[PDB]
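Structure first, commentary second.
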Ligand SMILES: CC[C@H](C)[C@H](NC(=O)[C@@]1(C)CCCN1C)C(=O)N(C)[C@H](C[C@@H](OC(C)=O)c1nc(C(=O)N[C@@H](Cc2ccc(N)cc2)C[C@H](C)C(=O)O)cs1)C(C)C
Ligand SMILES: Nc1nc2c(ncn2[C@@H]2O[C@H](COP(=O)(O)OP(=O)(O)OP(=O)(O)O)[C@@H](O)[C@H]2O)c(=O)[nH]1
Ligand SMILES: Nc1nc2c(ncn2[C@@H]2O[C@H](COP(=O)(O)OP(=O)(O)O)[C@@H](O)[C@H]2O)c(=O)[nH]1
Ligand SMILES: Nc1ncnc2c1ncn2[C@@H]1O[C@H](COP(=O)(O)OP(=O)(O)O)[C@@H](O)[C@H]1O
Ligand SMILES: [Ca+2]
Ligand SMILES: [Ca+2]
Ligand SMILES: [Ca+2]
Ligand SMILES: [Mg+2]
Ligand SMILES: [Mg+2]
Ligand SMILES: [Mg+2]
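Chains as they are written, first to last, in the entry's author numbering: chain F, 1 to 102, 125 to 152, 160 to 175, 179 to 362, 373 to 380; chain E, 6 to 28, 44 to 74; chain B, 1 to 42, 45 to 279, 283 to 360, 369 to 440; chain A, 1 to 438, 448 to 450.
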């Protein structure tokens, strides 16, 4: 009879993870401040990592990797890519990014921006907090003074037909206590139900593919799919019939290279191998695919949520390979080798 | 990787190795607190003895 | 801290007090004459906690025998070990207390009390460093009840800085038929709440039920009950008598067991439970048993409350790894029954010397909020008579007023309210 | 030559003290009778060992030590000890009644009544010193004497010797060996009271020590004897530099200088390798590179914490035995690339290194094997604040209910002193976080 504690009530993913654990009749949920637990399903910000692994007779495991915020915080991710020789500034799969404070990267940003204007190259950028899409240095820098990251906007993206619509691929990755990187076979395409405007960047409906902005600012929401959710089997069919190739060959291969290269990079800083406590974590990798079928990384989410139809399969995979591996009772993933 | 201040001796040796460069109460107060506690104890004992005599 | 002064008052007190010295004398290898005849020097390292060494290297118990009648003490003197006790330390009367707390506390007891204190004083003198006092008594009678609590109060006046600890026997209608017992018991609890540092709540209901249901004794006797009491007393005092780290003195025990000054009533436990007439217990069995309701010396269900603090003593030759394993297993398997706001509240001791005829035993000491059940019981019985003022003439004929009774009733009801406070308290 | 006075307070201080002064004698060839054949200057000398050992005309090498417990049992085993001849009777000070794991009883009640006798016996030592450096104070955080009496003595030492250095060896409380439930209260109370009076404190979490013994020495249930032989090894590494003709940490000031940038953050983390069981017939001798790398393994530290999720303000490697610089600098190159060693921006990422040719010594008939080379890494990392966060949370759980508080108040302490002591800890935690660092989707 193993014990757990729930310290993040808002997590839909670990709410289902809790539900499945009790349902086995080998797990008991303790009070959120009872220290005599095996598993902590901890709070998003300020998790007491320093307190875990100090209870004798108990093998303790947490649903977070201490320091995985270097990869998940927007300004930190840029910094990690730029400083770490494992990724470096010689990195092909991540858009040109600069950290701007309202230490700084203001000097080097203008330097690369002005080389593009005179170089007769597209100067469309994006701004986000750790939301603005503009071509002028004024509108970008002036907005931050109302901490952000100025990233190269994907001017030539790939568009699904019918619809001439933008999208983004969300992949779920589980890194267990042994640092085995597992990619869930199912992913989702956060599509933009409105057609892409090549010249207009004022309307933030056809540019932001988020499920929240489509259920709020999009008129033709839920037209092509439900709601703006295209799954892999369906997307693969579009790639074969409309582009000849497969999802595995044109996209999945690059995604896997990105996941691996990212998580291997921070393995020496977050690995809980010779530690008093063990960690595991579910991540949400966000990708953009250009028209040349080249995969780009947008953001890493430390606390992702799932697509309602996949919760069942993903949350069972979490308890199967990340929990019951450590706490044995009485594949739906792709193991990314390293 | 730099090596500086190489100190040598009979039972040892030492040096620095730079990999990258940078970027009270008086005795009067002690007896004051020590007496105040003894007087807080003495009050508690006498209050008990007062209650016991009742 | 070193020497403990032992006082035994009344019929129950002297009977259980006597059985205590017989048990620990044999443990420490002291014969009924007082001469040492043991195999280990672990038996004498802390002998001076309970025994005064006399000329010709003979060991005398630091025991005072009190009663308002000669009866029991005469049978203790006629007993096997009666010869060990100092004869100047037998302080008795001829009247009796007639199962009346008012007689033991105010009228008859009043006449004998200073002669007891002169013996307490003499014993306290021959002490290099006195720890405190130990008292055996019942709460249902007159002498141990009334006189015992008056002796505690008088001892506290002369020794306010020392530790007062009791082995108090709680009344049960399964053992006794004296109607006034709930009155005497409530009057005695009121005293214990104010004037003791530690009280082992030894309940006659639990001792009867253990004898009947577990030891399968059809007609249990006082000696049958006392057998479980002497085992409990031997176990709860181990840390004080033998070399060790945890709870080796009365004060260190109190600091570990008493989070709140009125909440000092302990629920003792014991494994294996035996009757006076082979098969050794494993470390896992000792651990399941000592924490089991059926092994508690107080008729309370620990599962109905929360443990504020626990002391676990393991006696014999066993695995310190396994003791630690099983102790952690018990805490980790039932963590809801241990207050979260008192971190690491279970402390464990292991002593190499087991009791007589046991290869290995385990004694539990718990400060559980479930003790309120015992107090609710005595309170239910008290209120039923007191709301009709029944049998009060026995008390008022001794000078007492209804006020003392209303006050005693209130204090015990307040103590039950306090135990509930901390049962419903969260971190 | 500058002298050091070692003070051992409580059961922990006295029993560790014993394990240390015993290792010191095996290391300097001093016999249980106090005789040293290797010392050719009879009844005196200005040798490096004379920092810790005074001398008699009869040729007795006498520890510059004071033992203080409020109860006889423990110190009466220093008097009955193998090394009983070593100590003067006035070096051993006992009460009758102990502090009952109550800081208030140790500090206020018994403290007030024995403080002057202790400072007297300390001056009796200080007056045999040509130029006293300061003090090394050994004690538990958890016990009443260990916490209460020590904090009082530290405040008085600051008065009577304000120019002198005060260094600590503090035993941080761990439930696996803990004797009391109030150890969190006592720990915070003494930490707050001893903060301004301590120059450098070395914490040893009893949980780490217990685990090293279980894991590396294959001891089922380690005792104080096992724990102290291991603590003795770490203490010896730190003090070897004062007792022998060494190049680094040659005086007590050097510890503050080399390890303590900010005075409040004076708790360096100690890591020690190699720890091998003597009960091992075969032993594959580890390299300089292996033992150096192990200094970055949490399994080998004196407090379990992650120095990766913190910053370094100081780092110093103390080697012992068959070690050459060539192998050291190469290991420092190797680990720098492998391990994630982040330093404070205003500090150079670098290490102070010292080798002491003196070989690693063990007690004959011990659980610890004799090694050719050894290393103690002393590093000031903000990761040690994890020990503070754990203890502060335990303190908070209990204090919110005022559990056991009456025991303190009954000894004369005010309830306000508890939250005062705790606000200082909340300050200390905040200092460490300032130095150390910069929903659904
Ligand atoms: C006919 C009435 C009997 C005697 C009595 N019955 C009751 O009280 C009942 C059950 C009847 C109505 C409701 N009520 C509660 C009874 O069984 N008890 C009061 C017993 C105690 C009684 O048991 C028997 C069977 O005699 C006694 N035991 C002893 C005894 O153990 N004597 C030992 C010496 C002794 C004497 C007094 C004291 N206080 C302590 C010890 C000697 C014996 C040989 C031994 O060692 O057991 C004496 S009377 C208790 C435990 C329930
Ligand atoms: N490593 C180690 N820890 C010890 C030793 N003795 C006690 N401790 C620890 O120290 C804490 C208790 O403090 P003690 O030193 O025993 O107490 P004290 O200073 O003598 O104080 P009182 O006995 O209360 O007057 C607990 O954490 C013990 O486990 C020892 O020899 N070695
Ligand atoms: N367990 C136990 N209970 C006893 C014994 N003698 C008396 N009692 C109980 O004590 C109460 C009567 O008190 P008693 O000690 O005889 O009276 P006192 O002499 O006036 O103090 C009743 O609850 C009895 O059942 C005994 O030897 N053992
Ligand atoms: N550089 C970019 N080029 C093109 N589209 C982008 C770029 N950055 C973000 N987007 C778009 O913005 C959407 C939301 O951005 P994101 O960084 O994932 O923020 P959030 O943390 O709020 O989910 C993406 O789904 C994508 O459509
Ligand atoms: Ca009369
Ligand atoms: Ca000399
Ligand atoms: Ca100072
Ligand atoms: Mg009677
Ligand atoms: Mg039960
Ligand atoms: Mg002690």
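The C-beta atom is built at its ideal place from N, Cα and C for all residues, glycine as well.
Burial state of residue i (16 or more Cβ within 10 Å)
i	result
residue 404 of chain B	exposed
residue 244 of chain F	exposed
residue 401 of chain A	buried
residue 184 of chain B	buried
residue 42 of chain A	exposed
residue 160 of chain F	exposed
Contact under 8 Å by Cβ, residue i with residue j
i	j	result
residue 135 of chain B	residue 166 of chain B	yes
residue 132 of chain B	residue 164 of chain B	yes
residue 227 of chain A	residue 380 of chain A	no
residue 297 of chain F	residue 84 of chain F	yes
residue 375 of chain A	residue 238 of chain A	no
residue 195 of chain B	residue 157 of chain B	no
residue 404 of chain A	residue 351 of chain B	no
residue 28 of chain F	residue 3 of chain F	yes
residue 42 of chain F	residue 73 of chain F	no
residue 398 of chain A	residue 173 of chain A	no
residue 6 of chain A	residue 128 of chain A	no
Contact test: residue i Cβ vs ligand 5 heavy atom, cutoff 7 Å
i	result
residue 113 of chain B	yes
residue 140 of chain A	no
Of the residues the options, the one placed nearest residue i, counting alpha carbons only
i	options	result
residue 189 of chain B	B/351, B/64 and B/101	B/101
residue 165 of chain A	A/201, A/31, A/409 and A/96	A/201
residue 251 of chain B	A/98, A/48 and A/393	A/98
residue 236 of chain A	A/276, A/24 and A/14	A/24
residue 335 of chain A	A/163, A/293 and A/197	A/293
residue 25 of chain E	A/351, A/364 and A/361	A/351
residue 62 of chain A	A/246, A/88 and A/46	A/88
residue 374 of chain F	F/162, F/198, F/77 and F/204	F/204
residue 190 of chain F	F/87, F/200 and F/184	F/200
Residue i: CB within 7 Å of a non-hydrogen atom of ligand 7
i	result
residue 158 of chain A	yes
residue 308 of chain F	no
residue 166 of chain A	yes
Cβ-heavy atom distance, residue i to ligand 6, below 7 Å
i	result
residue 55 of chain F	no
Cβ-heavy atom distance, residue i to ligand 10, below 7 Å
i	result
residue 71 of chain A	yes
residue 109 of chain A	no
Near ligand 1: residue i beta-carbon under 7 Å from a heavy atom
i	result
residue 210 of chain B	yes
residue 172 of chain A	no
Residue i beta carbon near ligand 8 (any heavy atom closer than 7 Å)
i	result
residue 412 of chain A	no
residue 143 of chain B	yes
residue 394 of chain B	no
Near ligand 2: residue i beta-carbon under 7 Å from a heavy atom
i	result
residue 18 of chain B	no
Ligand 4 heavy atom lying under 7 Å from the CB of residue i
i	result
residue 277 of chain F	no
- [ ] Identify every run of the alpha helix (DSSP H) within the region 293 to 361 of chain A, keeping only runs that are complete inside it and at least 4 residues long; order them along the chain.
- [x] 325 to 338
Task: Unbroken stretches of the alpha helix (DSSP H), 4 residues or longer, contained in the region 29 to 82 of chain A - done: Segments of the alpha helix (DSSP H) lying fully in the region 29 to 82 of chain A: 72 to 75.
- [ ] Starting from the N-terminal side, write out each stretch of the alpha helix (DSSP H) that is 4 residues or longer and does not extend beyond the region 205 to 238 of chain B.
- [x] 206 to 211
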